[PDB]
Amino acid sequence: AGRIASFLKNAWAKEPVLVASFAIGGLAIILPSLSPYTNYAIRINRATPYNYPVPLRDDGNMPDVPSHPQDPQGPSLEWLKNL
Amino acid sequence: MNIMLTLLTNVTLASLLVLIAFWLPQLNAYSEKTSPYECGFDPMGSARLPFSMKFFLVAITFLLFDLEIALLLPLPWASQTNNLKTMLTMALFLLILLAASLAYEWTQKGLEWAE
Amino acid sequence: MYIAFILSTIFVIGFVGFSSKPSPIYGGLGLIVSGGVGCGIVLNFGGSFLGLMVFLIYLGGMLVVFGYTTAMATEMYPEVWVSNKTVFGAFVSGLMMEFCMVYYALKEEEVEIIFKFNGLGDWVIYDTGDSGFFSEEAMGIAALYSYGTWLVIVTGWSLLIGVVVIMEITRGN
Amino acid sequence: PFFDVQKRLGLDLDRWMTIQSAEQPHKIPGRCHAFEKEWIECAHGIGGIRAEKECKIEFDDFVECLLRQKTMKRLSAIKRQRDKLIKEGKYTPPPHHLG
Amino acid sequence: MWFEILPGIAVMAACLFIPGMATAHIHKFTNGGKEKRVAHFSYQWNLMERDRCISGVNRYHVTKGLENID
Amino acid sequence: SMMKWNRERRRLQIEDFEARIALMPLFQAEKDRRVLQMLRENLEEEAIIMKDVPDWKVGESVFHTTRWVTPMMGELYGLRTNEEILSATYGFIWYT
Amino acid sequence: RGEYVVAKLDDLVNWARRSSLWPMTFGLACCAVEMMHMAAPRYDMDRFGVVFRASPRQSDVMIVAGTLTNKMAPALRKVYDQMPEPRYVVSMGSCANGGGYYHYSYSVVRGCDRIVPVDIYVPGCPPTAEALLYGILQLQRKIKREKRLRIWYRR
Amino acid sequence: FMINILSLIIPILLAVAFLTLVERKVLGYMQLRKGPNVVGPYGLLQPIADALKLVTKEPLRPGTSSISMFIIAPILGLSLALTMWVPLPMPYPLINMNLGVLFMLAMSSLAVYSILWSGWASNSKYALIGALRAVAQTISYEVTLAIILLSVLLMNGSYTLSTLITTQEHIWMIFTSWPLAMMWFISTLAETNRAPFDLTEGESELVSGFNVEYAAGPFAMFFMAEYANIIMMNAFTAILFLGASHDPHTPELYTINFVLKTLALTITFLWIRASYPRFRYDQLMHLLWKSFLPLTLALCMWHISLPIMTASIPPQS
Amino acid sequence: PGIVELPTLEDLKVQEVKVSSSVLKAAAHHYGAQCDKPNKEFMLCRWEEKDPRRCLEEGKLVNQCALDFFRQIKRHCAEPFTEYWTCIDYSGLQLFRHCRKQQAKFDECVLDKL
Amino acid sequence: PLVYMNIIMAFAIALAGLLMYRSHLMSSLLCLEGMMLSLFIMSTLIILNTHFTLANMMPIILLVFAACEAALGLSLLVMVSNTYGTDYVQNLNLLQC
Ligand SMILES: CCCCCCCCCCCCCCCCCC(=O)OC[C@H](COP(=O)([O-])OCC[N+](C)(C)C)OC(=O)CCCCCCCCCCCCCCCCC
Ligand code: SF4
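Residues numbered from 1 in each chain as written, not as in the entry; some residues may be left out. Chains lettered and ligands numbered in written order. Part of a larger assembly, values for the part shown. Heavy atoms only, no water.

Visitor: Provide a residue-level description of the environment of E:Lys64, including the pertinent values.
Guide: Position of E:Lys64 relative to the elements: it lies in the segment after helix 2 (42–55). Judged by relative accessible area, which is 26%, E:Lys64 ranks as partly exposed. For E:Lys64 and E:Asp51, which are 13 residues apart along the polypeptide, the C-alpha to C-alpha distance reads 8.9 Å. Setting aside residues no more than four positions away along its own chain, E:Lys64 makes contact with I:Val19 and I:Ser20. (Helix = DSSP H or I, 4+ residues; strand = E, 2+ residues; numbered from the N terminus. Buried < 20%, exposed > 50% of the residue type's maximum accessible area, 1.4 Å probe, protein only. Contact = heavy atoms within 4.5 Å.)

This is the structure in structure tokens:
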């Protein structure tokens, strides 16, 4: 309590830049755990298509994948459209 | 080859400037003008004696640090991968590793001019 | 084609620049220029990131070696490629060394020395593939933090050990 | 490895690079993905010494795809004899091969 | 009288002018009005060859629209 | 301000990427025809050039396998003109 | 006419010479501090188009200001000879003009001209900042009145 | 095509020449002096007067100098400064360049080599010391400049200079990385060898640093080289942080805005030149390695996780 | 060491769709929606066969189907295409962003006309 | 191809240069440093040719340790230059026995 408060007083008094650089460096490490948009950042990179998704031969029983890029079924990204 | 053309033109244009600044503006040398400068007097005689550094310690750390930054130049492309989780930890890990090396050198003297 | 082979030829006698022991930074002149043209060799094959990297950290690395030469490794009369007779002999022996084979390669294209390789230039060895919207070199380098992982750790940890090693050996009690 | 610590705990340390047809950043193919694939799964679990004579054809073709030296030599024979007779005459270039 | 400073800037500012629009004007001139097409990736560069080939005059910066097809 | 703009810049990029992959089938259908046409064009030329050589199979299988391979571009532009060589082989990299 | 052409190139050469000549940052005695007095914003050395450069390989006109001594003599001649041509010398004050107040002194050479060629002798002890600033002007006029390439044409 | 090259090279030399006038004139007005005004109207003819007189001055070749080494360095200094003007994203860049900053950074390091070689090539104390102070100066700024460079454009998306205009767009980039611009601006001051960090020249300490045996034309190429260097890297910091709007139909609208941005910023470079004493290159590497390096890591860590923080990863294309 | 086979010069010739890249990408979004069945068929052949010489028929289908696509737009509103594709041309990056007004005029033909 | 020949003979003269000391260690140390430049260029040539995306890794990572080898190298030369003064390998023989 007293020791840390005086120590912070001493560091802020002698070399403010170092006690600063330790601060921005300090929380930039623990924000990722607290970040709620990191999952969106994961979804950002997955959504971006570089290789064109070659179609699959349909021998039946794949209701999820559509037969045309107009049917509702299939992975979608309206979260990005809202964002 | 567009970069070659401007590179060739640039070094060419520089060479004309030194070319006509060496032949056109007269020539007259009589030794003491040609002699080295020592603030008016005659040098002790050298300019080749070991001019030993007093900051040799920090020079090598520059090589380690200038080398390691080349390890994090790919960062802008490293951000746009499907695995930013381990990207965040690994890229962070490098910056703490440089920070620790700087902190290590800092505490054990180091950066201050060796006497 | 010229440039691809011509630049590599400059890389050769540039390497003769420092392998012949001139004054140490005249050797520094020797490999800084081949480092410059070495960027060109990888550049023609794509390789822009790697080509700029050597033109980034070699100059950074070669920046201090000059200082050590002029501070703690220079003589009263600095060497040059013409002053000493052995280094001039070392220089010339590095000139007919590749001159015969490039003439041999240009005339026969089937030079056998050590390795067997044909001499139809090097424009052939390129590819017909399409990179799409991603550069192969710049993304393989960027895979450092996605798939390197352990390969990252050994490099970073050694750099720490580097700053320890370069400190204790020069500390002198 | 002398001590295959990789296989013991099952976690990879350096095997991701190793061979050419491993997974690539968003599936960028290699030059010889097909040839290297054929050779690798030819000699799998068969033994290093019991791989040269049997899974050979999948290998020299793969090392051909890597270097393409015999084909470049094939192009050398084409180009050499081309300059041999066109300088002498005979062959006149078709109008698509020179513009 | 710092307004005597401005004549130094006035020519200098005009001196910095020339490489600006010229690099745009020569690009406009050499590409026929439309600006200089850039190709940072294979797709863009593979395009310019196709535009150069389709035009039939061996220029990438001349484009044939819907009238080209029949 | 940067977050909103960066998200928007992304939104255009997938829009641009969507157009690119929409044009892929036509472009791939053109490149393979262009490549295969030219490989045959070399073969038709190769019929008349290979008469003096003692042993030469015209268009023999380059590899021991029969599966098709991507064509080593030396076969493609080997006997073309110099300008066509530099326009594509060294074209991209030398282009600015 | 050839003489017309050479005169035009002559006019180009001296105008650049007299406009852009660079005095040496050389100072010895009482004259030196008054020399930098006129360089102060009151008289504005620079507004006449000149700037102070240090080494001999740098400047145009040597500005000798102060008492010349036997010990100072070897370096002054060395530093003057070290200035590339064209080079001019002006002699500040009575002391540097010749002898000065210490003309009879054992440790003073009677005249900077005894050591280095001189273009203009600016008098006063110390010369007022006005007087030598004219001395620069007189050298501009003297630089104007030359026929270097003109005498070469008729040579 | 070459007409574009001359229109890129020739105006810079005149712009560099007129920098010498304002260097000697705004300083004077900032110094109670009137500046050069005797040569033509208000002195605008003085930069010309300097040019011919320097060219017509006698070139000097010191006896103890290495002749080839003495000549190659001035060529390298001027050529790099001039070729440094090709890749900027000035509305239509001469060469689009994927690694725009790396091209910017690589030869900026090679620029000091001309500064480096001239010191010993002149073969004396006052240039060898100035050359070695160039070593320590680029020991300091180079170890950190790449860190600032990476941090600012990490939100841009890639290393291409052209994408800077797109990235900034609505608001000035300095509004997002103002402590980085604090880092970047005065570190460029430390590479251009200006008043607070001109130890390579060192007017008072060692006569002229890496210039003592240089005379006439070699200086003319050297004087233009470092004047070209400051303007170009100031134009670099102009687009890096203060990039203006660009309308494709009216590219000239960008030029007028960009020119003033790199011009008012240039006036700053002349502004610090008058008001601040000289850093001793002891504290120069001391400061940039004691406070500058530990700080620039922190925002570098800040500027990498933060695109991941708010799902604001910029696109590469 | 064997035989190479190549289709003759006749069956590899189609009525090539000859229109510039900018026009193609200007209508790419609409082209990829409906003119997709030959496209999807074409590179199921490309990825399954892994041999271009075995997919010429699909290449013909996609080339001719795109021609019918370009025939339809040319016939109904050719003029609104003109300003949309020329402003795409003016963009060096062929950016869609500086095209919204022109894109709007194009969009309402094919939605209501076709 | 011929580009490969040029840069492997770059190794050979670098190999000859390294293990041939004439006057001082600094020149040989630089030759050791430049020896990896061919090693860099060598390894870089196959990797872009073969389009193996991952193994673009090692040209940079070879550069980590090759220059790190030089980093301890010229820092070792510091210890010589204090006890020995010069950097001559001919003098570098105090362990004659
Ligand atoms: C939102 C939460 C996260 C926030 C993350 C970001 C950090 C926020 C908090 C800190 C903000 C500021 C950080 C950087 C501070 C500045 C750098 C620094 O270390 O300063 C202290 C340092 C150190 O100060 P010092 O050298 O006096 O030392 C102080 C004593 N010790 C060492 C013990 C600390 O300052 C300098 O290094 C001085 C630099 C001088 C440069 C030349 C003279 C100035 C020239 C004129 C410049 C005018 C402005 C130009 C602007 C141009 C813009 C384009
Ligand atoms: S002339 Fe007068 S003012 Fe000048 S140095 Fe001599 S005593 Fe001093």
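Having seen it, we continue.
Visitor: So what's going on with the UniProt feature "transmembrane region" (unreviewed entry) in chain H? Which residues, and what values?
Guide: Summarizing the sequence annotation, UniProt attributes the feature "transmembrane region" (unreviewed entry) to residues 67–87, 99–119, 139–159, 171–190, 219–242, 254–272 and 292–313 of chain H in the numbering used throughout. Counting secondary structure, residues 99–119 of chain H comes out at 95% helix and 0% strand; the distance between its end C-alpha atoms is 32 Å. (UniProt positions renumbered as here; feature names shortened; annotations may be inferred.)

Visitor: Lay out the interface of chain B and chain H in plain terms, naming residues and giving numbers.
Guide: Counting residues at the interface gives 58 residues for chain B, matched by 70 residues for chain H. Between chain B and chain H, roughly 6100 Å² of surface is buried when both sides are summed, and carbon and sulfur atoms account for 75% of that area. Seen at the junction of chain B and chain H, the total is 0 salt bridges. Counting every contact that joins chain B to chain H gives 11 residue pairs in polar contact. Considering each element in turn, the side of chain B that touches chain H owes the most residues, 12 residues, to helix 1 (residues 2–20) of chain B. Grouping the constituent residues of the side of chain B that touches chain H by class yields 41 nonpolar, 12 polar and 5 charged. (Buried area = accessible area lost by both parts, 1.4 Å probe. Salt bridge = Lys/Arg side-chain N within 4 Å of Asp/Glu carboxyl O. Polar contact = N/O pair within 3.5 Å; in protein donor to acceptor, adjacent residues only side chain to side chain. Nonpolar A, V, L, I, M, F, W, Y, C, P; charged D, E, K, R; others polar.)

Visitor: Mind laying out the interface of chain C and chain E, listing which residues take part and the relevant values?
Guide: At the interface, 6 residues of chain C touch 5 residues of chain E. Carbon and sulfur atoms supply 62% of the area that chain C and chain E bury against each other, a total of about 410 Å² over both sides. For the interface between chain C and chain E, the tally reads 0 salt bridges. Here chain C and chain E share 3 residue pairs in polar contact between them. Its residues assigned to classes, the side of chain C that touches chain E comprises 2 nonpolar, 3 polar and 1 charged.

Visitor: Give a description of the site of ligand 2 that names residues and reports values.
Guide: Residues and elements named next belong to chain G. Near ligand 2 you find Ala-29, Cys-30, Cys-31, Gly-66, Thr-67, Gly-93, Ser-94, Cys-95, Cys-125 and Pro-126, and these make up its full shell. Where the shell around ligand 2 is concerned, the elements lending two or more residues are helix 2 (30–39) and helix 4 (93–97). It is helix 4 that contributes the most residues to the shell around ligand 2, 3 residues altogether. (Near = heavy atom within 4 Å.)

Visitor: Give me the lowdown on a nonpolar patch on the surface, citing residues and values where you can.
Guide: Where nonpolar side chains cluster on the molecular surface, the patch consists of B:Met1, B:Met4, B:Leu5, H:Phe1, H:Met2, H:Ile3, H:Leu6, H:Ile10, H:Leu14, H:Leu45, H:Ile48 and H:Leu52 and spans about 1000 Å² of accessible area. Taken together, the elements giving at least two residues each to the nonpolar patch come down to helix 1 of chain B together with helix 1 (2–29) and helix 2 (46–56) of chain H. Looking at the nonpolar patch, the element that brings in the most residues is helix 1 of chain H, giving 5 residues. Mapped onto the elements, H:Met2 comes out in helix 1. Residue class for H:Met2 comes out exposed when judged on its relative accessible area of 58%. (Patch = residues over 30% accessible without salt bridge, like charges linked within 9 Å, V, L, I, M, F, W, Y side chains within 5 Å. Areas by Shrake-Rupley, 256 points an atom, 1.4 Å probe, with all protein chains shown as cover.)

Visitor: Lay out the pattern of salt bridges with the relevant residues and their values.
Guide: Using the criterion set out here, one finds 40 salt bridges over all chains in the structure. We note a salt bridge from D:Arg80 to C:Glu108, for which the minimum N-O separation is 2.7 Å. A residue pair is termed interchain when its members come from two chains, as with D:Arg80 in helix 4 (residues 69–88) and C:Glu108 in helix 5 (residues 96–108). Given a relative accessible area of 38%, D:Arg80 falls into the partly exposed group. By relative accessible area, which is 26% here, C:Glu108 ends up partly exposed. In this structure, D:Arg31 engages C:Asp127 in a salt bridge whose closest nitrogen and oxygen atoms are separated by 3.3 Å. Of this pair, D:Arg31 sits in the loop between helix 1 (5–9) and helix 2 (33–42) while C:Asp127 sits in the loop between helix 5 and helix 6 (136–142), placing the two residues on different chains. Note on C:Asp127: relative accessible area 26%, which makes it partly exposed.

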